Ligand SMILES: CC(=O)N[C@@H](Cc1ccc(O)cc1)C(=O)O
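In the block that follows, a single chain appears as structure tokens, in the form solved without this ligand.
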């Protein structure tokens, strides 16, 4: 017995300077008709109102790192980070996280300065999320739509969409922070429409046959070359720059130092760098994430049991 997804949210402005989500959320709050389907209506939400008003990523702390049960469960004070306070409000709205009152699904919208194109980031290999990616791929022949599987190191999930029972992040790049490109705005807008379409089909009892697909699974990060003071001593090499999801073999160049030397990848295996040179990641000490490209088998999601 398939349970329909009836309480569905689309969050924009989780990071205040990521403009597609910001303006789609603002627009939908004024024009919700677009998020309505026969079986359900998705609720638009501006996730970080103060960061959005200020057009910056966050005020005190990254909102997308503030939604752990520890943060949500903590006893409020006045001296809490704004984003911690806002996380609690999203917990009331979309959760509480880990309980049966949580929303069925949260779609969280993101932009990156990296040349990722269309990427879905999933914190688990839940088969519904893989079918969703597959659906978007099929709906857009010739458009890459890649799934980046980013499982939490251990126990606690951190993100805005993790508040809901399930959720996914739709990330689109490249786009400078604080800039709204018409091309990415429209494309993101159409892909959200398609994601809602998919939830409707699901809700209507559509059978989703098992299938196989390539996904990219996180191996971990590589930091920028630094001085003994952790200041940049170089940046991403021109031959790596803008080459997200392309293979990176050992011995290939990954940085150019200001001194003019090349730094080479010293790994044992070919990997697939993603989120190469993202502005928000400098302070997280991440020049890029290494991923392994793996072919997974996705079980069927059928209305009835065969």
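Residue numbers count along the first chain shown, from 1.
Here the subject shifts to the form solved in complex with this ligand, a form of this protein not shown in this document.
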Practice prompt. Tell me whether 115, 146 and 272, taken together, all sit within 4.5 Å of this ligand in the deposited bound form, counting heavy atoms only.
Written response: no
Worksheet, complete the sentence: Only hit among 123, 200, 80, 104 for heavy atom within 4.5 Å of this ligand in the deposited bound form is 123
Practice prompt. Could you spot which one of 256, 37, 57, 243 gets a heavy atom to within 4.5 Å of this ligand in the deposited bound form?
Written response: 57
Worksheet item: Does at least one non-hydrogen atom of residue 88 fall within 4.5 angstroms of this ligand in the deposited bound form?
Response: no
Worksheet item: Does the 4.5 Å heavy atom contact test between residue 65 and this ligand in the deposited bound form come out positive?
Response: yes
Item to complete: With heavy atoms only and a cut-off of 4.5 Å, decide whether residue 165 touches this ligand in the deposited bound form.
Response: no
Discussion item. I'd like to know if residue 159 sits close to this ligand in the deposited bound form, meaning any non-hydrogen atom pair within 4.5 angstroms.
Written reply: yes
Worksheet, complete the sentence: In contact with this ligand in the deposited bound form (heavy atoms, 4.5 Å), from 48-56, 259-267, 235-243, 274-282, is stretch 274-282
Practice prompt. Scan 165-195 and write down, in order along the chain, each residue with a heavy atom lying within 4.5 Å of this ligand in the deposited bound form.
Written response: 169
